[PDB]
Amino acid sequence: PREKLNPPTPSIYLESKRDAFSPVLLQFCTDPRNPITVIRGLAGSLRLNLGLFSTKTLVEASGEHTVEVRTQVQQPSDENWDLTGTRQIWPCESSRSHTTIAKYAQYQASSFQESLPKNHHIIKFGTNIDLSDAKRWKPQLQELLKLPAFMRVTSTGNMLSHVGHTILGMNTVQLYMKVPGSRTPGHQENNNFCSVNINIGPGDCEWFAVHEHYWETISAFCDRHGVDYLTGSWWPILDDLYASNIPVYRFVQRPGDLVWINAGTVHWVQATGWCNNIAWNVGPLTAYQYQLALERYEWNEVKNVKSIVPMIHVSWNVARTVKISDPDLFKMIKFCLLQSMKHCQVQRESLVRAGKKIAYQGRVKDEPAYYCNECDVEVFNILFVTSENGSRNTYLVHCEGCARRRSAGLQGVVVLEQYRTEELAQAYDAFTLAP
């Protein structure tokens, strides 16, 4: 039906500051039935100084900051043309280049003055601007502390705050600078984590969204139309989605509106006017989020795609410090930890059978999680390490399989252990369901 395929977008207005910190807001935003939530006038309700994220202020703060530019052909939000301009296509490719905030700002500003749409046919979209530097963006980041706990960049209830190190763009803030038509290709978030997006303005963003439930159908369209779902750049053809009985949420994000994207929600975005957007990810400690995160973590492994969130590392840290009261979530984490212990044990036994030494490395403060140099899989605890350079400057971490796959096998490879069996066992036994 036409009505069901065009469902109303979940919306909230906060009449006061008290409403923003209400438990009702959390359960609404995280409800699996709500794939996306727009909070109207959130900035004003919480008195957020969005002027700190204005183009003028950003240029003053760091004019030489790196801006990743995406050159694009401008086209209506419901269109993506082939080279002949006679049919709709899924792939939406863009050329990548680099510039500065100051230089993109001038393009953004001049372009705005040209119209008394912009840049004619071809436009540039300033993406992936890094606001992780605490000293450089102090007033900007401090301003975001006015948000309720579950939406903050850092909180005890956010899985990404238990990683122990920086994951660029997930537990640090990214800035987008846009002109009309600036297009954000379709995707789910890294490891199906939730996301927060605030429109700074002055212009609007147009949003499109599909519930996580339909993601495999979206992936099959991408495969049918010759583009990588997880890693490629694509723009859904809306008629294809409606022809497959897939409801599409459509709404406008006006200046000061916060968009909350729930776990696994497929979404694509286009700027209607000139605007800046700020964004980051959040991983609420719930069974719904954890399940979706683990299954993308595994699916990533099947498709040889790096999981940007090291879910095994995160699950252990969470287990070590956070009390989980939900039985369903506890079961999932407890199982993940047990599987990890068994996996580590199997590796140690095989290494000891082969007569291969294992040195205890230990962990240090602010140490990153390790990934395989070849296949990009998370390498937890047992590290197969080699020296690429003649000196001890360049160390490469490999997984068991890739280490074994080397021409000389494990010769030259030093095997390290970051957590002893007893460390994991004692952390595991300490992890119990909260009352």
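Basically, rigid core = biggest C-alpha set you can superpose within 1.5 Å across the two forms. Residue numbers here begin at 1 and follow the sequence given.
When the other structures are laid on the shown form by the core, the C-alphas of 364 to 372 and 401 to 409 differ in how far they drift in 4 other deposited structures of this protein; the larger average drift belongs to 401 to 409. Larger root-mean-square CA separation from the shown form, computed after a rigid core fit of the structures in 4 other deposited structures of this protein, is seen for 93 to 101 when 206 to 214 is set against 93 to 101. Across the other compared structures of the same protein with both neighbouring residues present, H120 lacks coordinates in at least a third. In the record comparison, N393 is modelled in each of the other entries of this protein that model the residues flanking it, with no third of them omitting it. The segment from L83 to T84 is modelled without interruption, since every residue of the deposited sequence in that interval carries coordinates. Stretches 389 to 397 and 364 to 372 differ in mean CA B factor, with 389 to 397 having the higher one. When the mean C-alpha temperature factors of 248 to 256 and 322 to 330 are read from the deposited coordinates, 322 to 330 comes out higher.
Per the deposited coordinates, the residue with the largest Cα temperature factor out of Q289, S110, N191, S161 is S110. Ranked against the other modelled residues of its chain, the C-alpha B-factor of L337 as given in the entry falls in the lowest third. Among the modelled residues of the chain, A61 sits in the highest third by CA temperature factor in this PDB entry. Sorting the modelled residues of the chain by their CA temperature factor places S115 in the highest third. Ranked by Cα temperature factor within the chain, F28 sits in the highest third according to the deposited record. In the deposited entry, the Cα temperature factor of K306 places it in the middle third of its chain's modelled residues.
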